[PDB]
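Visitor: Quick one: this structure, given as structure tokens, is what I'll be asking you about.
2 protein chains.
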Amino acid sequence: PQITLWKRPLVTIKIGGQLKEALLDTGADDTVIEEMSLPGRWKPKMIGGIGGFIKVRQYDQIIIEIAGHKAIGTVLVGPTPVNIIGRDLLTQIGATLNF
Amino acid sequence: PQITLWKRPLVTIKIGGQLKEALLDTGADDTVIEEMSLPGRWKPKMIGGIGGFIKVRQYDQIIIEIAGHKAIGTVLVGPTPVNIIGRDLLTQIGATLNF
Ligand SMILES: CCCC[C@H](NC(=O)[C@H](C)NC(=O)[C@H](CCC(=O)O)NC(=O)[C@H](Cc1ccccc1)NC[C@H](CC(C)C)NC(=O)[C@@H](NC(=O)[C@@H](N)CCCNC(N)=[NH2+])C(C)C)C(N)=O
Numbered sequence: 001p002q003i004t005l006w007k008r009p010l011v012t013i014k015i016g017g018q019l020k021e022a023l024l025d026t027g028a029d030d031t032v033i034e035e036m037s038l039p040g041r042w043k044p045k046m047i048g049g050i051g052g053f054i055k056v057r058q059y060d061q062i063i064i065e066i067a068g069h070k071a072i073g074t075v076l077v078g079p080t081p082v083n084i085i086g087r088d089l090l091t092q093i094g095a096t097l098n099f
Numbered sequence: 101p102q103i104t105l106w107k108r109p110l111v112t113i114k115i116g117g118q119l120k121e122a123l124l125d126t127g128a129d130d131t132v133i134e135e136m137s138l139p140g141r142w143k144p145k146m147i148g149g150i151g152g153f154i155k156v157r158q159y160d161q162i163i164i165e166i167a168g169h170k171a172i173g174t175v176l177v178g179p180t181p182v183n184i185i186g187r188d189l190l191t192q193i194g195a196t197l198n199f
């Protein structure tokens, strides 16, 4: 589909057996999801943005369905203000920027 | 053009007559440029992102060329990690997300 940018590009995603609303972010290298009790192994990581860094838990090989599109990859979990789908998963669903 | 996301969606912009590199950020409401001298009056403003809030100088109706495309609108100038083009100007040049 095509998503205009008048409003924030939000879509429904499915992760860890839960449905959430996430922002498609071309300016994000990684995918960061709100605090979740995901099962399995993880490793500590620090991700940064506009006002600084936040501590997150890195889970590899996480299956996420983005707007009906399945993808598998690394998902960072932590105190993010919003669920962010980064380029790491956007590339997997074949998302492009067009103008 | 059509921009895939295997690499950061960076483009060349022209602001204040100076060329700079900026990231097309669909996850940014506003356009934030690194500290620079810009012709025009401004008012203090504060924006937030991952990590927190930062103080920026808000310049209104700023002429800016993004990858050969022209936009005229609000440009926030402050200590951002990288120059980012938000939805405010992305919509002006007709950018959409497609998958
Ligand atoms: C005058 C303005 C008034 C309006 C003002 N608006 C805002 O504050 C709104 C909500 N902010 C935003 O939309 C900001 C961008 C700034 C802006 O647009 O102003 N967006 C953002 O900050 C979005 C995430 C987000 C979206 C919505 C809400 C909260 C957060 N992230 C943008 C950001 C771009 C990056 C190049 C700087 N990406 C990231 O932060 C991602 N990080 C990464 O991709 C890292 N790997 C990058 C390298 C890290 N290293 C380093 N920094 N040294 C992260 C999501 C994993 C307000 N105060 O409400």
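One line per chain: the protein sequences are C and D, in this order.
Quick note: the first sequence, position 23, residue 23 per the authors' numbering, numbers continuous.
Quick note: the second sequence, position 47, residue 147 per the authors' numbering, numbers continuous.
Note that the Cβ used here is the ideal one computed from N, Cα and C, for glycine as well.
1) Would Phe153/D be called buried (16 or more neighbouring beta carbons within 10 Å of its own) or exposed?
2) Please work out which residues of its chain come closer than 8 angstroms, Cβ to Cβ, to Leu119/D, disregarding the five sequence neighbours upstream and downstream, and give them in chain order.
3) Note down, in chain order, each residue of its chain lying with its Cβ closer than 6 angstroms to the Cβ of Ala71/C, except the 5 sequence neighbours on either side.
4) Let me confirm a value: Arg187/D is counted as buried when at least 16 other C-beta atoms fall within 10 Å, else exposed. Which label applies?
5) At a threshold of 6 angstroms, does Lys145/D count as lining ligand 1 (C-beta to nearest heavy atom)?
6) From the DSSP output, read off the bridge partner residues of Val182/D.
7) Looking at the C-beta of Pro144/D, does it have a partner C-beta in chain C at a distance below 7 angstroms?
8) Short check: CB of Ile84/C to CB of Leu38/C, under 7 angstroms?
9) With a threshold of 6 angstroms (Cβ to nearest heavy atom), would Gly27/C be considered close to ligand 1?
10) Please list the terminal residues of the continuous alpha helix (DSSP H) segment that includes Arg187/D.
Guide: Straight from the coordinates:
1) exposed
2) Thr112, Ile113
3) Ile64, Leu89, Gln92, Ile93
4) buried
5) yes
6) For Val182/D, which the question treats as bridged, DSSP gives no partner whatsoever.
7) no
8) no
9) yes
10) 187-190
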